[PDB]
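Chemist: Take a look at the following structure, please.
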Amino acid sequence: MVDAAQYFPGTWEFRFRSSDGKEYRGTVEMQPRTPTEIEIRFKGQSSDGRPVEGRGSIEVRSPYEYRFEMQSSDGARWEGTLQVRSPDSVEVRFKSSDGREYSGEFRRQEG
């Protein structure tokens, strides 16, 4: 597995989409708080154009996989896991407080 504080810090673009077609896109900045807790700050917007922002984290908790959580200024609360696929690409799968199931991707940017 990747080393959390080696791998995740940086700027990423994201796209998340639910099975019903709701979609969020935006940019995140990740930085370590500790080696087991990577903080996320993000700005983005839903597919209806509504701007959102918020915070989240990637954490070491379970023995099996990274924990992923994000909370949005429009009230969306997201909790799930992720799978690193390459040096610049991470897939995510999560449940939302609105009852939706999402999949999505982070794509690493320069700066």
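Chemist: Pull up region 61-97, narrow it to residues that are aliphatic (A, V, I, L, M) and surrounded by 16 or more Cβ atoms within 10 Å (Cβ to Cβ), then point me to the one that is nearest to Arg50 (Cα to Cα).
Modeler: Only one residue fits best here, namely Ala76.
Chemist: Among strands (runs of 3 or more DSSP E) lying entirely in region 63-111, which contain 1 or more residues that are touching a strand residue (DSSP E or B) at 6+ places or on another chain (Cβ under 9 Å) and of a type in the set (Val, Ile, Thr)?
Modeler: Filter on region 63-111 gives 77-86, 89-96.
Chemist: Considering region 12-54 alone, what residues qualify as being touching a strand residue (DSSP E or B) at 6+ places or on another chain (Cβ under 9 Å), exposed (fewer than 13 other Cβ atoms within 10 Å of the Cβ) and outside any loop (DSSP other than H, G, I, E, B)?
Modeler: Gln31, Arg33, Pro51
Chemist: Does any residue in region 83-111 that is touching a residue at least 60 places away in the same chain (Cβ under 8 Å) and over 13 Å from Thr11 (Cα atoms) come within less than 6 Å, Cβ to Cβ, of a residue that is assigned to a strand (DSSP E or B) and among the polar types (S, T, N, Q) six or more places away or on a different chain, and which pairs are these?
Modeler: Note: pairs meeting the criteria are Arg100/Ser18; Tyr102/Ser18.
Chemist: Checking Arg100 against (1) surrounded by 15 or more Cβ atoms within 10 Å (Cβ to Cβ); (2) charged (D, E, K, R); (3) within 11 Å of the chain's Cα centre (by Cα), which test does it fail?
Modeler: Evaluating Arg100 over (1) surrounded by 15 or more Cβ atoms within 10 Å (Cβ to Cβ); (2) charged (D, E, K, R); (3) within 11 Å of the chain's Cα centre (by Cα) leaves (3) as the failure.
Quick reminder, even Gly has a Cβ in these numbers, built from the backbone with ideal geometry, and neighbours come from all protein chains shown. Every read-out reported here was derived from the displayed coordinates using simple, explicitly stated rules and does not represent laboratory data.
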